[PDB]
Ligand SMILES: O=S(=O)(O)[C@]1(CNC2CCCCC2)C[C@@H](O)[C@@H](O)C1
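Quick setup: one chain, the form solved without the ligand, written in structure tokens, and binding and motion questions come after.
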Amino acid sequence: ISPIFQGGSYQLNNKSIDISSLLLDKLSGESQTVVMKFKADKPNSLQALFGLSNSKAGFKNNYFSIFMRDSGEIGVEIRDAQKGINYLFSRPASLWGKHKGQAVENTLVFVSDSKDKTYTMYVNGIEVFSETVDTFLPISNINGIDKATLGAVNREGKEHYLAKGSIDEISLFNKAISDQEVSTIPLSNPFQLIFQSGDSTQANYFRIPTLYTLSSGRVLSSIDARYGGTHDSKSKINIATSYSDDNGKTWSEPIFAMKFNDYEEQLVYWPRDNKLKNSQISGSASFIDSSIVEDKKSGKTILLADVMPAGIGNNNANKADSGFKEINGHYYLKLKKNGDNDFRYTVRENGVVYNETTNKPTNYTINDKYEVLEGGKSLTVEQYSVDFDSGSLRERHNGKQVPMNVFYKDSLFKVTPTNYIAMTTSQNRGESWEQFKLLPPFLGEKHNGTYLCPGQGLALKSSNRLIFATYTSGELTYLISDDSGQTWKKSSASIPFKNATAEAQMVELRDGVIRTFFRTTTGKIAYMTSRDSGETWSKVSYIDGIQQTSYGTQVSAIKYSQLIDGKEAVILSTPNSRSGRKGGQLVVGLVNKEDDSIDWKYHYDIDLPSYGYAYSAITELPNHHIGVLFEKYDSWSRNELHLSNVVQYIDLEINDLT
């Protein structure tokens, strides 16, 4: 249907605009839709875009507003004192501010539906909240409403929540338009989604993006598909992948590179209230932190991720145990049988489960999928599903049987409760992935394994060498293969922090010269250099000119193929901020051929300094554009947990950055 009101080209410069005469007497019925296209690249701390209010003395809490914060949060208030109603619905990190230095036109759709008693907010094609209430309050049913305002709320005759920005278009409808109708509304998005709520992964949440340009020109991406909110394990998380064959313009429906079946893949709205937001799927196995590389020699794509058995995160991860037993230069996966207090088994050659106390083999074997077989027959366990129907999180059997896996809670044989690294490969550039294999321990039998650095591995240009950075307490532990990832060795490089989350990414400055940039606990990004293709590593230095928080954030980095200002160039992606994960930048550095030092010459602001930017992935697209897939929110903040569709993709050109 048609708008009852339509206006545009409104400039909000800290002075409200009264549209009462134009709008108020057009409002009728109990259901309304607001469609508003607006820019705000210099927002005030807290500002209202739109208000309906009782402006009379004594009725300061009788109003409806659509408001935003300079954090990028969007919300509404719906208030009527006489009715005793004070609704406040919102979601952090819902907005864009700037893109390529130009103010972004956000498309906001707010639906107030009296029939379903539900308020729903979409921004830029993304539903950011949908709230059902017992007692519905139609927005124009507020006692004594006498003002319709743009860029403030009129309370007791004064302008509250004064806005800075513009409303290029605003329409109102005396109808609650359908989800279908919403999706036909044209958008002006500066970004794309590769992974998103409702896709093939059926995860409502995603974290830890990666990007990698394959030699055929295909761009591949991997990500944590996170089911139990945005929590790091413990949770259910699979590793999903998608690829683009047209320079990032479009992307394939995701598939899984690594998945477990002990818990159902469920699209779940995770509670965001302070009482329940720390609810955590607690009995599921999971993957976390993926990294990609391509091997010139075989042509295979190789993906690694951390693996966690059921219940297990990095907090309850058995340090002081690798999960393997050393038996004469060889490492065998340890197992514990249902009922025993110790790990009395190992998985020897051909997956034969072997009793260590009597040195007899059992009739149990472990297949290539880490599934348990008895006498060649597939054992099963019953799957779990989760729900908050009772009010709190419940994890319960759902009737479906799935293959018994040693990483599962209900398994007859269980691996050691600690962190492992798995590897899978693709022969068809990400169209399918093999069953993963665990990597062996590198730091000894009684050292719990290292943590994979998410993002990219490094494929050295002039050899067959493959390297994946990993971290542990007191060092970076590079994993090195010269035979297409069939065998790996480690190269240890000491760093001056104990228990840092030293997420590290590498660039090749020139043949055999690797610089690694990594996250620290110092508020500055660090780096070290190898000049022998990763055999040995320099001492640690720090970058000036970029700030991180004390706890730090992952940094992504590439070596750009083309000269810039006549020099070799490296591009870093990172939040630039000592307060939180915001102020995203790409920083372009020019290499000094004399000494391999880097002049950080250009800083490109991804969006506003106050808007969220966390983990990121950068790649040089085959057309020499830059692709960026990143968490567009603060993934540290306890106020921004469990947000949907915040991992977003943008395309940039080098001239945009300079």
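For every residue, the number given is its place in the sequence shown, counted from 1.
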{"query": "Average Cα temperature factor in the PDB entry - higher stretch of 441-449, 102-110", "finding": "441-449"}
{"query": "Mean temperature factor over C-alpha atoms, higher-scoring stretch between 177-185 and 160-168", "finding": "177-185"}
{"query": "Residue of maximum C-alpha B factor among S221, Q505, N315, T549, per deposited coordinates", "finding": "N315"}
{"query": "Residue selected from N639, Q648, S635, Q11 by maximal Cα B factor", "finding": "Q11"}
{"query": "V381 - which third its CA temperature factor falls in, relative to the rest of the chain", "finding": "middle"}
{"query": "Record-listed C-alpha B factor of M121: chain third", "finding": "lowest"}
{"query": "B-factor third for the C-alpha atom of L27 within its chain", "finding": "highest"}
{"query": "B-factor third for the C-alpha atom of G523 within its chain", "finding": "middle"}
{"query": "Third of chain Cα B-factors occupied by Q196", "finding": "lowest"}
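What comes next is about the form solved in complex with the ligand, which is not displayed.
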item	value
Shown-form site status with respect to the ligand as positioned in the deposited complex after superposition (2.4 Å backbone/C-beta criterion, 3+ atoms)	open
One residue of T619, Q32, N54, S65 in contact with the ligand, assessed in the deposited complex (non-hydrogen atom, 4.5 angstroms)	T619
Candidate from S242, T470, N154, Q456 lying within 4.5 Å of the ligand in the deposited complex - any heavy atom	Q456
4.5 Å heavy atom contact, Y263 and the ligand in the deposited complex	no
The ligand contact at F436 in the deposited complex, heavy atom, 4.5 Å	no
Partner proximity in the deposited complex: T213 to the ligand, non-hydrogen atom cutoff 4.5 Å	yes
Proximity of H624 to the ligand in the deposited complex, heavy atoms at 4.5 Å	yes
Partner-proximal stretch of 250-258, 456-464, 181-189, 131-139 relative to the ligand in the deposited complex, 4.5 angstroms, heavy atom	456-464
